[PDB]
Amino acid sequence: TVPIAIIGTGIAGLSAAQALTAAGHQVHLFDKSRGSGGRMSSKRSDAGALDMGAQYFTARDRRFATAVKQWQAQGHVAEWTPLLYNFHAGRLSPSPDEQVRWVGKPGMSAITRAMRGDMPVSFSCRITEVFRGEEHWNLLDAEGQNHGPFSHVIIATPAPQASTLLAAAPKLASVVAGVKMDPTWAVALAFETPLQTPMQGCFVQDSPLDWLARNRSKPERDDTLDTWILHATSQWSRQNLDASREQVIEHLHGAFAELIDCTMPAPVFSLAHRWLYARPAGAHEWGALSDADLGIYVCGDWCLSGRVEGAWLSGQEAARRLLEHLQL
């Protein structure tokens, strides 16, 4: 049988995969990484899985909220209720606690790992070319290997990366190409001695740092080492896009220490990771993009809010349009 090709296994493509599959259709998932999860990936280091991409997420839509409800039942999601702080020259505790926040149960990557479940997925496969004959669609990866035939194709990557996958639809590529993504430099520090503060999260202004989170406070995270995640602001990340990891570990570690009143020991270890296309620069309404006649559909968080849910909804939408269009 000729399945549907989904390029991208972050929550968007995995969302389309479920929709398509629940409606009884066959798909084949592709990703350039070793594994799935995209920007929701978790990293396993000396302190257990650290969450360095998506920090937590909310649910503002009934369907999405539903999905989350399920994942919770299955144990791949819990509620994060950290003591969040703020920064206006000094940490003051904000408490928008009326706001419910969700995280992967053992790690942010657990939601995508469960959504992937048993679907056929080709990993370490960077798709390069997407074309079609009268018949079907075909993918060419970086190794010149051909993949296909495929009935339709769903591009579920960050906009800039989607551009090269859309040469079959110039007009569509043209629009996708205008979507700007902001980068974000993330650093992770792990101390042997828990920092003496009750803080577990922090929205920061006037600092290279935009956000910080006490990773061990997240439900079910290994509590052996105190570990914090630092997220640089986009302007800083942009300005320091080419800086070395250690330099970034130097500066963001510096901004962090410069903002807590207490003492901060020598880190057992520190990691740095640059996300070139972290989140969309602006917000969008598309939901998803397409040329259904042609057979190619486009989705991702940047089609909407640039949040987990946006990404999730964008997938459902692309699937929804594919299914609808099958009435040829």
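All residue numbers are counted from 1 along the displayed sequence.
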Segment of higher mean CA temperature factor, 121 to 129 or 192 to 200: 192 to 200
Please compare 276 to 284 with 58 to 66 and name the stretch with the higher mean C-alpha B-factor in the deposited structure. 58 to 66
Identify, among 260, 29, 298, 40, the residue whose C-alpha carries the highest B-factor in the deposited PDB entry. 260
Take the CA temperature factors straight from the PDB entry and tell me which of 149, 160, 170, 75 peaks. 75
Taking the entry's C-alpha B-factors for this chain, is residue 185 in the lowest, middle or highest third? lowest
Chain thirds by Cα B factor, record data; residue 5 belongs to the lowest
Residue 139: which third of its chain by C-alpha temperature factor? lowest
Would you mind checking where the Cα B-factor of residue 240 ranks among the modelled residues of its chain, as the lowest, middle or highest third? middle
Third of the chain, ranked by Cα B-factor, where residue 224 sits: highest
